[PDB]
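Spelled out from the first residue to the last, the chains are:
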Amino acid sequence: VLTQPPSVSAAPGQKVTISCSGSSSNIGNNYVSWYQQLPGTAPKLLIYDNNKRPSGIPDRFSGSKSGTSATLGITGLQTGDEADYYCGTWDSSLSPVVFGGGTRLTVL
Amino acid sequence: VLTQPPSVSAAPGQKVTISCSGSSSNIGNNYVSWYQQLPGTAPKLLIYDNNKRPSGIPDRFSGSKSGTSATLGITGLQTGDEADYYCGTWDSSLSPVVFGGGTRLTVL
Amino acid sequence: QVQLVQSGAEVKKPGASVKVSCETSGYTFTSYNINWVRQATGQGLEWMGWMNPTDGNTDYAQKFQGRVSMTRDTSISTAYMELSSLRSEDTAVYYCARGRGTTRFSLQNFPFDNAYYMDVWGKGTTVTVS
Amino acid sequence: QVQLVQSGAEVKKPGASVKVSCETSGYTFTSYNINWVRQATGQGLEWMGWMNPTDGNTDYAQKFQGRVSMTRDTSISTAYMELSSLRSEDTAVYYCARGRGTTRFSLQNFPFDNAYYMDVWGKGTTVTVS
Amino acid sequence: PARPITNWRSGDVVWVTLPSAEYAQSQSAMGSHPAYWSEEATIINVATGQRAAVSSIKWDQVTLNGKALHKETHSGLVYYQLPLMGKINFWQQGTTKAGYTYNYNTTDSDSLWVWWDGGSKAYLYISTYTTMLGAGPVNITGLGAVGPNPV
Amino acid sequence: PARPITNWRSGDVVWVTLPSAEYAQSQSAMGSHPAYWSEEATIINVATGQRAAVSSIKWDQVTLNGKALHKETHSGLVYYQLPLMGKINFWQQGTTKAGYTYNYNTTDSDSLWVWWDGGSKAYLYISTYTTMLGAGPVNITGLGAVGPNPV
């Protein structure tokens, strides 16, 4: 249900953003978490609440919720950022845990 | 809707009570005011909210709301107390202003 | 102080209509609802309806809806009641009162914590029909 | 620290049932919902359902309802998932995760201000069917 | 020397008493929402211990963080905003029967709105949802934490 | 000489900060209702200016109006009650994003419930309705007026 770009590319030193898009019952009413999954590894919590980083996540990662769309931000790209990122929020109409399509962060 | 004793008698110096009883949508949910009407006069506000006295009403008058029933109290009866007393509360199902049948306070 | 001066007694034939006045003084007229209460001789009080004297919004009891019209004249600070199709059981004293409290009423809009009482009353208007 | 250790890879015939395990450690087991997330190889994440490890209460997504049973063993602090009637489109990696937040979910009981995220994940269990 | 009652900073705690508070059906400087208001309200700064009557304060000289309060001249009447962090907590004086604000379901923050005549006549307004404490007059005590400047 | 933090009377103002507050789905000493709680909360008496960490207070020696606080030994854990007049006003620290209690609709009064180990491990609890501020951990500041003794 949550829309998400299939892929996102940026320079190895450029700020890039990944943005989702939900409905009023998805993002405008609930909190959206972000998950990072390296290839061949289990997903890892990246952003909880809307703009909250767990202990261990570097400060270069950030998030923000504005309306029915939320975005994931990075301050500086590095080698280890090549992963797959997912949206996660509460859907009061379908299920308490819904995900996006995912997005691949590649390097140009 | 709000039931009320048809008549009430007391000694010329004795405490006496006048009690109504309504439903959940009458008294258990809202505030009940009391009105005094001397014979041949317009009704006069006696108690507002549940136990509050307007300026001028002597302190011998009192009221209290416990459940779906509310009562009117007096500390000492006098000659000028011979009047008719009415209940008034909010009905969320019938009308914002509903009354009781009234009660005649006589002397024994 | 604040007062509510009504009109004199009225004698009407069965089938006519009676208009009862209520002049206001001592307070801002367009600030509190004007209430009308009926009392048949030998019977108890009965609420007839209020009217907001700043928008003309009124709310009648579900017994007179279609026979009563409450208007206003803010220039002279007078509230009005009209009662048409006067039946036999309409001989009563009609009272003007000033209410204080919540003015929003609906069947299911605010079903709790609603306080509203009539603060200052009129003197009554004996309207007889025969 | 807190951990979620799952079982090994499973090979199942089409039509059988696979039971996957998830041993928890480092925290009070009967305090957080145990989630299950499915991911087909080449597809995205998909929530399967949580299970309260204190009353056995579970809440499945409206796609596996009738094919999944999530149980618990509080004595050994091991959560379980069972998946019966394995179709061809069930070769996937199954994840165990610990969620933090609101647990009350229904169609219309709490339609606002609902935060719930998966804090600590497992390592995955590749269950292939053919 | 002591910080006067006309001097506020964010994080201060304000104690307000509203004796004989009347229930207003729709307050202009609230979005046309209900409120309780009192003619003889008292304002107290809890940390500093200074207090004064609301009607005895020159509200054009009251400053939050060194800046004048936000004012809104709805109709011909000027209302001064004292922002709060969180909701305004008001209850019946002397009793543990608590009122709740209009935005009882939202994460919004309330404010203390003051009408000032320019002489000595001031009304203190507290946002409310209904006559949960009564139609009035009713003694009401409020509590709030002073919020940041609305920019 | 000054009144200590373990001394309370009705009418005091309590300022509580709950850094990294966890959302509890059902709190035993609230009727199984949601709450936020922090291990390293701080409690401040606003009028007196005294403050201390919640985990560093002998909660069996805290007195309200000269009498010991009401205690509830739910399960094997002892919860102390600090009654309030009105509702507990809590918001996210540093931001004007308020929270509302479970009894947002009623005229009830809230209380500050404390679990105390007996050594130095205390949790401060605030009644909430949902995760209006987040699933946790989230920095939360509270505000309340100390109420009468529950008799």
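Residues numbered from 1 in each chain as written, not as in the entry; some residues may be left out. Chains lettered and ligands numbered in written order. Heavy atoms only, no water.

Its PDB record attributes the structure to cryo-EM, giving the resolution as 2.86 Å.

So, about the overall build of chain C. Each helix and strand in chain C was counted, giving 0 helices and 12 strands. Taken from the N to the C terminus, the helices and strands of chain C come in the order β-β-β-β-β-β-β-β-β-β-β-β. The C-alpha atoms of chain C give 14 Å as radius of gyration, which agrees with the globular expectation for 130 residues (14 Å, within 12%). Oriented by its inertia axes, the alpha-carbon framework of chain C measures out at about 40 × 35 × 25 Å. Here chain C, with 130 residues, has 48% of them falling under the buried criterion. Looking at chain C alone, contacts between residues at least 24 apart form 56% of all its contacts between residues at least 6 apart. Per element, the accessible surface of chain C, about 6300 Å² overall, is 42% carbon and sulfur. Within chain C, one finds 12 positive and 11 negative side-chain charges whose respective centroids are separated by 3 Å. (Helix = DSSP H or I, 4+ residues; strand = E, 2+ residues; numbered from the N terminus. Rg over C-alpha atoms; globule rule 2.2 N^0.38 Å. Buried < 20%, exposed > 50% of the residue type's maximum accessible area, 1.4 Å probe, protein only. Contact = heavy atoms within 4.5 Å. Areas by Shrake-Rupley, 256 points an atom, 1.4 Å probe, with all protein chains shown as cover. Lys, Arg positive; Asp, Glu negative; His and termini not counted. Charge placed at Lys NZ, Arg CZ, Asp CG, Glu CD.)

This part takes up the overall build of chain E. Assigned secondary structure in chain E consists of 0 helices and 12 strands. Scanning chain E from its N terminus toward the C terminus, one meets helices and strands in the order β-β-β-β-β-β-β-β-β-β-β-β. Compactness check: chain E gives a C-alpha radius of gyration of 14 Å against a globular reference of 15 Å for 151 residues, within 12% of the reference. The dimensions of chain E, computed from C-alpha atoms along their principal axes, are 40 × 35 × 30 Å. For chain E, with 151 residues in total, the buried portion stands at 56%. Roughly 5700 Å² of accessible area belongs to chain E as shown, and the carbon and sulfur atoms make up 47% of that amount. Side-chain charges in chain E split into 9 positive and 9 negative, and the spacing between the mean points of these groups amounts to 8 Å.

Residues and elements named next belong to chain A. Taken together, the 3 strands give an open sheet; going across it, the order is β2-β6-β5, and neighbouring strands pair in antiparallel fashion. On the outer flanks of this sheet lie β2 (17-19) and β5 (61-65), each paired with one strand and no other. Strand-to-strand, the axes of this sheet are offset by a mean angle of 20 degrees, without reference to chain direction. Pairing geometry for β2 and strand β6 (residues 70-74), over 3 bridges, is antiparallel. When the sheet's bridge partners are listed, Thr17 is paired in β6 with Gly73. (Pairing = 2+ DSSP bridges. Axes fitted to C-alpha atoms, helices over the stretch in contact; angles between N-to-C directions.)

In this complex, chain F contributes 26 residues to the contact, which on the side of chain E involves 26 residues. Around 2200 Å² of area is buried between chain F and chain E when both sides are counted, 67% of it from carbon and sulfur atoms. The interface formed by chain F and chain E contains 0 salt bridges. Between the two partners, chain F and chain E, sit 8 residue pairs in polar contact. At the level of elements, β2 (13-27), β10 (89-92) and β13 (138-145) of chain F are the ones that each hand at least two residues to the side of chain F that touches chain E. Take the side of chain F that touches chain E: its biggest share by element is 3 residues, from β13 of chain F. Broken down by class, the residue content of the side of chain F that touches chain E amounts to 13 nonpolar, 10 polar and 3 charged. (Buried area = accessible area lost by both parts, 1.4 Å probe. Salt bridge = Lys/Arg side-chain N within 4 Å of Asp/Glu carboxyl O. Polar contact = N/O pair within 3.5 Å; in protein donor to acceptor, adjacent residues only side chain to side chain. Nonpolar A, V, L, I, M, F, W, Y, C, P; charged D, E, K, R; others polar.)

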